[PDB]
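Chain order of the listed sequences is F and E.
When you line the first sequence up against full-length UniProt numbering, it's residues 8 to 115, in that order.
When you line the second sequence up against full-length UniProt numbering, it's residues 82 to 152, in that order.
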Amino acid sequence: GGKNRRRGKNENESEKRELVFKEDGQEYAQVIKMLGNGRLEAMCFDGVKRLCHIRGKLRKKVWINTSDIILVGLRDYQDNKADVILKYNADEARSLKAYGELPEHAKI
Amino acid sequence: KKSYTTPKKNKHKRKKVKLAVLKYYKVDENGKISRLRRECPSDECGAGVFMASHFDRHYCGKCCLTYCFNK
RNA sequence: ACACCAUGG
RNA sequence: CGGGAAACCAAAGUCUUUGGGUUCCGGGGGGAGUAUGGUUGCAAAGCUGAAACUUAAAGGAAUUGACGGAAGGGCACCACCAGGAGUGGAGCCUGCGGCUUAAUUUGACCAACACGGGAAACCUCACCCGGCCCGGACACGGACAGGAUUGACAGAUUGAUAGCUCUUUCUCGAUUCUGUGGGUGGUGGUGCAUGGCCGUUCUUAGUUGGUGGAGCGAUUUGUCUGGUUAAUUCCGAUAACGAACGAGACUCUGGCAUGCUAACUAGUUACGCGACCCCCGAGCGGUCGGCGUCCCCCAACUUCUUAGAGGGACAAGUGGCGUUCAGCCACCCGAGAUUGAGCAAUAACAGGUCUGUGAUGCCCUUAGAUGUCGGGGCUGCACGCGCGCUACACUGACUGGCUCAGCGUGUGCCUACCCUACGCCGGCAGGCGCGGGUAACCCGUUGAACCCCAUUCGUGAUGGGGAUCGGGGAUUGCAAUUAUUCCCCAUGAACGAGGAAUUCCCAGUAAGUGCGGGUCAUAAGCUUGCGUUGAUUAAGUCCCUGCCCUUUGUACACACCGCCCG
RNA sequence: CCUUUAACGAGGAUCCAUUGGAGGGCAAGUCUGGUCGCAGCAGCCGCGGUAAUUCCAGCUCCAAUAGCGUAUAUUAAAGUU
RNA sequence: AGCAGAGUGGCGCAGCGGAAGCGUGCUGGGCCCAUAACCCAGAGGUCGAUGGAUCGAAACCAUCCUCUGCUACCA
Ligand SMILES: [Mg+2]
Ligand SMILES: [Mg+2]
Ligand SMILES: [Mg+2]
Ligand SMILES: [Mg+2]
Ligand SMILES: [Mg+2]
Ligand SMILES: [Mg+2]
Ligand SMILES: [Mg+2]
Ligand SMILES: [Mg+2]
Ligand SMILES: [Mg+2]
Ligand SMILES: [Mg+2]
Ligand SMILES: [Mg+2]
Ligand SMILES: [Mg+2]
Ligand SMILES: [Mg+2]
Ligand SMILES: [Mg+2]
Ligand SMILES: [Mg+2]
Ligand SMILES: [Mg+2]
Ligand SMILES: [Mg+2]
Ligand SMILES: [Mg+2]
Ligand SMILES: [Mg+2]
Ligand SMILES: [Mg+2]
Ligand SMILES: [Mg+2]
Ligand SMILES: [Mg+2]
Ligand SMILES: [Mg+2]
Ligand SMILES: [Mg+2]
Ligand SMILES: [Mg+2]
Ligand SMILES: [Mg+2]
Ligand SMILES: [Mg+2]
Ligand SMILES: [Mg+2]
Ligand SMILES: [Mg+2]
Ligand SMILES: [Mg+2]
Ligand SMILES: [Mg+2]
Ligand SMILES: [Mg+2]
Ligand SMILES: [Mg+2]
Ligand SMILES: [Mg+2]
Ligand SMILES: [Mg+2]
Ligand SMILES: [Mg+2]
Ligand SMILES: [Mg+2]
Ligand SMILES: [Mg+2]
Ligand SMILES: [Mg+2]
Ligand SMILES: [Mg+2]
Ligand SMILES: [Mg+2]
Ligand SMILES: [Mg+2]
Ligand SMILES: [Mg+2]
Ligand SMILES: [Mg+2]
Ligand SMILES: [Mg+2]
Ligand SMILES: [Mg+2]
Ligand SMILES: [Mg+2]
Ligand SMILES: [Mg+2]
Ligand SMILES: [Mg+2]
Ligand SMILES: [Mg+2]
Ligand SMILES: [Mg+2]
Ligand SMILES: [Mg+2]
Ligand SMILES: [Mg+2]
Ligand SMILES: [Mg+2]
Ligand SMILES: [Mg+2]
Ligand SMILES: [Mg+2]
Ligand SMILES: [Mg+2]
Ligand SMILES: [Mg+2]
Ligand SMILES: [Mg+2]
Ligand SMILES: [Mg+2]
Ligand SMILES: [Mg+2]
Ligand SMILES: [Mg+2]
């Protein structure tokens, strides 16, 4: 959306992108619905819904709309909470679907 | 400008086959020399360099683009 | 002797 | 007077030099005038009235900006008015998005999109797919003169005649090679780490300090009520005086000199001429004349050409309007009474550029390279957008005839190529042969196009238009397929003046028209300059979009693209 | 126990001083590695998003010192009863 | 089963014989720094089916079918 905002790091888009997979204590998820205060309802691609929080690094720099693939890092002590670490675009989401990463219950 | 991936064959160079230094002459007697391979009749060559004993071929390493005898 | 004119990564 | 944070106040004064008498009442912002108890009232409601919890500020006066669907005065065809040509609609060219792909390299979103001189066949070249190379200084250590190390013929192998690798074994000679450190290169990353340059705010009139004055201070005056100007240009007024920058002045350019300087690398005239030609005139045809980029002059000159020095315009003269000041309008004289550009301030922007640089910090890679050769791409096509070229015909198309320019460039050092006359050959593009020019000398008196004068067409998507496509011929080049460019016969699409919107422009200007430079072995629908024909409409305003100055309001200051309530 | 006393009892490597901090308030480093809005720090203002003076450590330095830090009650600062 | 009304652009509809549009939805442009509002253009039709009259119809007539409202409600 256009604005007088020529300031700030101007343009962070490219036709190249490289995949990032899961790690220790780190799962995928699908955004169930949007809440306020930067919070979010999600759903891990296997079990719990695990309400999530958009971390300080992603705030207003990479937007997250409802019903998209995301990579969240689970908390050890708590269970129902997690922090949104990365977002997966449509092509990369379908790529993960091809590599068999996500149990194909949610589609793009 | 991206990194290289694992190859299939990569190998750099031959290893300069280590033949013995010099055994191109034999004596019938001390001061009666014999020569196994012929010296090359070339003008640029100083008539002191030898030829390969390459039966079906005769190859002078100095003239590296010509003067090969086929028998 | 006065039509409409809301909002902001 | 004195007080106060100040706005302001003869009281809000007589206050750290603190005490005339007395009642009510406040203690950071919310929760909240809420819950609960009491009391009053017919009701609505009044009076009294907490706490848990929460938070680093809420708030007051004044200052400087920015903003206002606030007011006053001005201003700009990147604003309008009156108009012109249009663009948006059509075909094609070119750039950007999207899609597709091994890759379709990438920057930039008024102030991106014919912009990066970015018209890419190779190269360029950063992308994709393969293949050689080291051009890895230097230090140390290791091996090494029956010897480190180099290069290569033949068959296989490979796009390849890369000894690349493999079989085989000649040749070179301390230059290498191995290992550890360390360098080196990079059109690799970051323009939000930078220099420099450029663009833009911002084409307008704006900016700043020294001493003095006002305020506790941020700040303010100087820098202005008013008139004037294109202008913070001047006149004046004056708690300011004297100054600096920008404007102006300045430089190039266009208009004028029958005055000066002086010219076969420029000309004129004259006749010396001489010659051709025609009577075209008196005449005979001769003499006199008429045409000449036909030939000469150690003829005379500088009008036309060239280029130097000076001159010339100053609102100077005259009439109105002006506090008779600064200045404005009109007119005579005149080549002209208002040519066009270059240069340009303080402060700033996370504007663009690491892909102009042997400018550059840090990070990355560095021999299986992100430092070279062959092949493909940057041009791929359901679609969206930008700058443009050609048209929609009779104020025209076609075919002949006639007659006029100006700004330029031209033989290259590495780098190998320049501009062409004239003869011949070919329908044409083009070929062969011989000359001139390093240039006011040759192409060249630059026979340019539109325009001018006559033919054929006749309102019919037609002889308008020239897309798309078939077949053939040339040139440049190492190589033309995905047609480089050019020529010839043929095929003959949309398009009958363009919706909502929107761009540029005041006089030799808009528009029509062709010609040079840039890139260029080949090549402009681009851009940068030049001439040629040459209008309609204005002499205004602040309505729309913005800009400048003053007064005013503000809960804004990341500055209205702000803040903020349920 | 102290005091008085014999005999042993020190070379600094042990007969080895700690507790807090080094942006400001507030005395003391823009030293070097690691992390990269995470971990954490921070009474308050505030530090951390790949060149951290504040985080984790090493070195150096500052304060009081056989003591120093923290939670709470309370007094002065408070002319904020 | 019956009465009445209707059958037209994806959807609501207008259209008293000289014959296809309106309002909404859909897609693309415009306007704006940008989004909504607003402006423009485009796409999409067996006028329910079958015959007949008429010089000619989507319209008039006849038969059938399909929706909606209301009673009938019916071995
Ligand atoms: Mg608005
Ligand atoms: Mg809203
Ligand atoms: Mg809101
Ligand atoms: Mg905002
Ligand atoms: Mg009183
Ligand atoms: Mg008193
Ligand atoms: Mg209170
Ligand atoms: Mg009360
Ligand atoms: Mg009560
Ligand atoms: Mg805070
Ligand atoms: Mg205020
Ligand atoms: Mg103010
Ligand atoms: Mg006004
Ligand atoms: Mg004007
Ligand atoms: Mg107009
Ligand atoms: Mg046109
Ligand atoms: Mg072309
Ligand atoms: Mg492309
Ligand atoms: Mg501008
Ligand atoms: Mg080309
Ligand atoms: Mg190429
Ligand atoms: Mg370097
Ligand atoms: Mg470089
Ligand atoms: Mg910049
Ligand atoms: Mg810069
Ligand atoms: Mg002063
Ligand atoms: Mg003072
Ligand atoms: Mg001032
Ligand atoms: Mg004026
Ligand atoms: Mg004066
Ligand atoms: Mg002065
Ligand atoms: Mg006068
Ligand atoms: Mg005159
Ligand atoms: Mg001028
Ligand atoms: Mg300036
Ligand atoms: Mg640069
Ligand atoms: Mg750099
Ligand atoms: Mg470039
Ligand atoms: Mg090279
Ligand atoms: Mg290549
Ligand atoms: Mg291109
Ligand atoms: Mg342009
Ligand atoms: Mg034309
Ligand atoms: Mg041109
Ligand atoms: Mg040329
Ligand atoms: Mg050219
Ligand atoms: Mg260009
Ligand atoms: Mg405009
Ligand atoms: Mg002004
Ligand atoms: Mg004000
Ligand atoms: Mg504020
Ligand atoms: Mg607003
Ligand atoms: Mg809200
Ligand atoms: Mg005791
Ligand atoms: Mg310590
Ligand atoms: Mg500490
Ligand atoms: Mg430390
Ligand atoms: Mg401190
Ligand atoms: Mg200190
Ligand atoms: Mg670090
Ligand atoms: Mg550090
Ligand atoms: Mg106390």
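Ideal Cβ positions, reconstructed from N, Cα and C, are used throughout, including at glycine.
Problem set entry | Alpha-carbon spacing of F/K40 relative to F/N72, whole angstroms | Their backbone Cα atoms lie some 9 Å apart in a straight line.
For this session: With F/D98 as the anchor, note down where its alpha helix (DSSP H) starts and where it stops.
Result: Unbroken alpha helix (DSSP H) run through F/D98: 97 to 105.
Problem set entry | Cα-Cα separation between E/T87 and E/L117, rounded to whole angstroms | The C-alpha of E/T87 lies about 49 Å from the C-alpha of E/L117.
Exercise. Between F/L47, F/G54, F/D53, which lies nearest to F/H60 when the distance is taken from Cα to Cα?
Worked result: When C-alpha distances from F/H60 are compared across F/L47, F/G54, F/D53, the shortest belongs to F/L47.
Problem set entry | Which listed residue (F/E111, F/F28, F/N44) has its alpha carbon closest to that of F/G80 | Considering only alpha carbons, the answer is F/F28.
Exercise. For F/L42, which of helix, strand or coil comes out of DSSP?
Worked result: Correct three-state label for F/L42: coil.
Problem set entry | Helix, strand or coil at F/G80 [DSSP, three-state] | Under the three-state reduction of DSSP, F/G80 is assigned to strand.
Problem set entry | Between the CA atoms of E/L103 and E/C121 - distance to the nearest angstrom | Those two C-alpha atoms are separated by around 17 Å.
For this session: Give the straight-line distance between the Cα atoms of F/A97 and F/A49, rounded to the nearest whole angstrom.
Result: The C-alpha of F/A97 lies about 18 Å from the C-alpha of F/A49.
Problem set entry | Start and end residues, beta strand (DSSP E) containing F/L93 | From DSSP, the beta strand (DSSP E) with F/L93 extends over 89 to 94.
For this session: State the CB to CB distance for the pair F/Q37 and F/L78, rounded to an integer number of angstroms; the pair is presumed to be in contact (CB under 8 Å).
Result: That pair is no contact at about 11 Å.
Exercise. In whole angstroms, what separates the C-alpha of F/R62 from that of E/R95?
Worked result: If I take the Cα positions, the gap works out to 57 Å.
Exercise. Quick one, are the C-beta atoms of residue 3 of chain F and F/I92 less than 8 Å apart?
Worked result: Here chain F covers residues 8 to 115 and nothing more, so residue 3 of chain F does not appear.
Exercise. Rounded to a whole number of angstroms, what is the C-alpha to C-alpha distance between F/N17 and E/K97?
Worked result: Straight-line Cα distance between these residues: approximately 58 Å.
Exercise. So E/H135 is in the beta strand (DSSP E); what residue range does that whole segment cover?
Worked result: For E/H135, there is no enclosing beta strand (DSSP E), as DSSP marks it with neither H nor E.
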